[PDB]
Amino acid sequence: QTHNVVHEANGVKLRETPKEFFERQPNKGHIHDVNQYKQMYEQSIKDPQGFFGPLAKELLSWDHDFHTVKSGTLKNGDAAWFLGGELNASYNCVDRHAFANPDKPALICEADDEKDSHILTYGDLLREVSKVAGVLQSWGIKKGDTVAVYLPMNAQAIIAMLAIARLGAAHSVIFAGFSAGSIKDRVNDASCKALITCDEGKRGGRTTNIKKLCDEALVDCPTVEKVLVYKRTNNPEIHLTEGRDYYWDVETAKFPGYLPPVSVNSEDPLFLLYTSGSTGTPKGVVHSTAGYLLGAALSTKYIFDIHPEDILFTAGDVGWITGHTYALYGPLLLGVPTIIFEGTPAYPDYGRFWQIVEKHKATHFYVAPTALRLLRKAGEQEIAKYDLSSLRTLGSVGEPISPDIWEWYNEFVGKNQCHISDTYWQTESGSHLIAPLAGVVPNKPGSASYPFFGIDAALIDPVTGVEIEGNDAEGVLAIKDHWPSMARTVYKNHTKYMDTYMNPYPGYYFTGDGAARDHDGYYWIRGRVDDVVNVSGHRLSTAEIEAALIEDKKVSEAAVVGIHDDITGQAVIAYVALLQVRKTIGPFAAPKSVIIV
């Protein structure tokens, strides 16, 4: 009953989900209790064909039926799901709901300034996606191409991603906070034929130089033939290059409000998302179509307990995987409205998150602990001004959540009446790996709890590389078989993919994280074992910051470490031996302080 290895586990009472959760639940839950969960879970590991087969047919609409549920192994890096099947990501996210209820809200868009907020119905989204898709089709964008997206977190970003997917092309979303150099690297690696952006961005009332950074990068991007520019501010001083740049509003007006979607194979790439690794240059993580969409829909439904009547607010950016899966693909596949927030939790005041939740009666809130830490510092008193009683599920993502923040999250936001789901996962998993199912799995503050369907989690002895049997254990977190939404390769560098995930511990997938398993099977994430730092939820590479410092002619040696920060979670401190990081990686990746030694 006492853990000698998992010291976080001693004396931690299980936290049942509050009674108000089930009062607010609009229908009978998708899973009765944890005992039904383990039965379903045991099938997803022992019999994936019988478990995922029906779920894929239930949750997805297919243009061609699949003949094989599961293929490949980790050691060979040839995983595949629903082979032979065809579908379209934008049909499952838009069309099928537009035909059913075209007036149902799809994108609840809360702008940086609330005056600019708006709502797109599923019918509205279909027309806007069709029109943008029509623009790209006339430009020659076809299945197999990649299209870059450099946009803030607003309606246009979602429309761009779905419009690209509508044609069978693969979108590559570049976070709007990246510098011009980072844009150059990602666009060139994928050899994108087109780019979608805007003139300027609004964030916290400040104006972002979006189109300006694109131009600086595009001088070294010979593959980019055309650029679509949305007039977000309509600043007339923004230069467009004749013959290359065209306005979003001008071109979409030329095309009809419906365009047929293009069928793609289950294993055709849906998108590339570039992530910073422990060594070298950022790598383009590739996700399939069917496996990723099933992972997105399945986790959104069961881990958050989403029903058609619900409304999800994921306070994350599509520049990162959190926005891809749980701001766009997850909720739209299920046909529920999703709240797309362009601004910050502090503008105009630290009650923005809560005013939004109250305004739209959101039932699910998904946020990073970094924001929780900041709101506890500057805006705790603002919570009580707003209703917030429509919520029943509160999500945590991107970084470990201390038991302290978990309790504050539960009490001040949840009124001690909501379920909290600390979801562990990463860009390469596509969707959740370990997380407490809402209304099913009791919580231990600071623990991700049980592995999700299809995730056979394990602990490996780092010194011997041998899997650790039994509980009260610690080691590197690894998965024993692949899962539908697992990333399939690194763009045109499958060797880097293998050396990173499949080769370090043959037969397993290597998460790069350490974890612990207590007497009850609950998993406690202990953080990265490589040289990767998660600052404010953003995965950074200490090697990538060191490389930026060395680019300066003054610097000869540079080493980046990590410290504990009560607001940024993890801070990075640079040691240099004889603004550069803000122009190489981006303002968000800047060192906290540079120490000259």
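Each residue number is its position in the shown sequence, starting from 1.
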Next on the checklist: I want to verify a possible break: how many residues of the deposited sequence sit between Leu578 and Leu579 without any coordinates (none, 1 to 3, 4 to 9, 10 or more)?
Outcome noted: 10 or more
Next on the checklist: Tell me which stretch has the larger mean Cα B-factor in this entry, 335-343 or 80-88.
Outcome noted: 335-343
Checklist outcome for this item: Ranked by mean Cα B-factor in the entry, 172-180 and 491-499, top stretch is 172-180
Checklist outcome for this item: Top Cα B-factor in this entry, restricted to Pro308, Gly144, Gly323, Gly527, sits on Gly527
Item to check | Among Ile31, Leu549, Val69, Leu55 - the residue whose C-alpha B-factor is largest in the record | outcome: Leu549
Next on the checklist: Lowest, middle or highest third: which one holds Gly507 when the chain's residues are ordered by CA B-factor from the entry?
Outcome noted: lowest
Next on the checklist: Could you place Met40 in the lowest, middle or highest third of its chain by Cα temperature factor, using the values in the record?
Outcome noted: middle
Item to check | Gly351, C-alpha B-factor rank within chain (lowest, middle or highest third) | outcome: highest
Next on the checklist: When the deposited Cα B-factors of this chain's modelled residues are ordered and cut into thirds, is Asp481 in the lowest, the middle or the highest one?
Outcome noted: lowest
Checklist entry - So where's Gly562 on the chain's Cα temperature factor ranking, which third? => result highest
